[PDB]
Amino acid sequence: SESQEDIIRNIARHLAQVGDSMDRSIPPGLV
Amino acid sequence: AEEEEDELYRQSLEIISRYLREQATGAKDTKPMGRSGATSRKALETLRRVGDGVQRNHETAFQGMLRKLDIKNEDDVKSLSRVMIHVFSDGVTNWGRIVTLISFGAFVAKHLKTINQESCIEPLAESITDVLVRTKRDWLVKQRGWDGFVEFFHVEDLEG
């Protein structure tokens with residue numbers, strides 16, 4: 001059940017993605 | 001007496017460290033009696049707004065990552081480091097990534113403290129600042145670093 005390697009990998013890609021998009025549209029009126 | 005000193009590093013480790021520490025402790029350690037760190041105040045402010053926001057809006061991402069991650073010792077630190085590098089391995093860098101990462105970092109740290117694990121906060125702060133300034137220093141210095149972020153986000157709250 002799950003593998004830290006895969007876990008960390010998926011989380012990592014997700015982290016970069018979440019951040020990459022969080023800049024394209026800041027919910028808090030970008031301020 | 002030789003060109004090498006970098007306030008960015010010191011200011012980064014100082015801010016990040018004092019951040020996770022003061023944020024993961026819940027207390028208030030504002031006893032400088034000499035310091036100030038203007039950029040630090042503004043920068044932090046930005047981190048408070050954008051940070052709290054992502055925490056409230058993207059709370060699902062933080063919780064999920066933590067749920068899968070699950071950490072209780074410095075050992076995993078190397079694994080976390082791997083995660084960071086694994087995300088930067090692409091070559092994409094921006095305020096979005098940095099803040100998102102830093103945010104998740106602090107959160108996990110908060111949990112670490114809640115689970116009586118402050119000793120694992122050291123690797124957290126050092127790791128974040130390490131990867132950020134070790135592989136992405138050029139990006140920071142290229143976009144002004146902290147200031148450029150305060151300008152890109154803007155936090156003007158003055159009337160006159």
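Everything discussed here concerns the structure shown above.
This text gives an overview of the structure that appears in the document.

Rules used throughout
- Residues numbered from 1 in each chain as written, not as in the entry; some residues may be left out.
- Chains lettered and ligands numbered in written order.
- Heavy atoms only, no water.
- Helix = DSSP H or I, 4+ residues; strand = E, 2+ residues; numbered from the N terminus.
- Buried < 20%, exposed > 50% of the residue type's maximum accessible area, 1.4 Å probe, protein only.
- Areas by Shrake-Rupley, 256 points an atom, 1.4 Å probe, with all protein chains shown as cover.
- Salt bridge = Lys/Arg side-chain N within 4 Å of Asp/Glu carboxyl O.
- Contact = heavy atoms within 4.5 Å.
- Buried area = accessible area lost by both parts, 1.4 Å probe.
- Polar contact = N/O pair within 3.5 Å; in protein donor to acceptor, adjacent residues only side chain to side chain.
- Nonpolar A, V, L, I, M, F, W, Y, C, P; charged D, E, K, R; others polar.

A few words now on the overall build of chain A. A tally of helices and strands in chain A yields one helix and zero strands. Taking the principal axes of its C-alpha atoms as reference, chain A extends roughly 40 × 10 × 10 Å. Every one of the 31 residues in chain A was classed for burial, and the buried ones make up 32%. Counting only carbon and sulfur atoms, one obtains 43% of the accessible surface of chain A, whose full area is about 2000 Å².

Looking now at the pattern of salt bridges. All names here are of chain B. What the rule picks out here adds up to six salt bridges over all chains. In this structure, the salt-bridge partner of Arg 18 is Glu 14, at a minimum N-O distance of 3.9 Å. With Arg 18 and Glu 14 both in helix α1 (residues 7–25) and four residues apart, this pair spans about one turn of that helix. The exposure class of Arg 18 is partly exposed, given its relative accessible area of 38%. What makes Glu 14 partly exposed here is its relative accessible area of 28%. Ionic pairing is found between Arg 49 and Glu 45, a salt bridge with its closest N-O pair at 3.0 Å. Here the residue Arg 49 and the residue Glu 45 both occupy positions in helix α2 (residues 38–57), the gap between them amounting to four residues, near one helical turn. By relative accessible area, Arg 49 is classed as partly exposed at 36%. By sharing partners, the salt bridges in this structure join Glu 14, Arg 18 and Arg 35 into a single network.

Here we take up the side chain of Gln 143 of chain B. One can find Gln 143 of chain B in the loop between α7 (137–142) and α8 (147–153). Beyond its immediate sequence surroundings of up to four residues, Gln 143 of chain B is in contact with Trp 95, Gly 148 and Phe 149 of chain B.

It is common to give the size of an interface as the accessible area that goes away when the parts come together. Tallying the contact residues gives 27 residues for chain B and 20 residues for chain A. Roughly 2000 Å² of surface becomes buried between chain B and chain A when both sides are summed, with 75% attributable to carbon and sulfur atoms. In this assembly, chain B and chain A are joined by zero salt bridges. At the junction of chain B with chain A, the criterion picks out five residue pairs in polar contact. Where the side of chain B that touches chain A is concerned, the elements lending two or more residues are α2, α3 (59–69), α4 (77–88), α5 (95–114) and α8 of chain B. Sort the elements by how many residues they give to the side of chain B that touches chain A and α5 of chain B lands first, with seven residues. Grouping the constituent residues of the side of chain B that touches chain A by class yields 14 nonpolar, eight polar and five charged.

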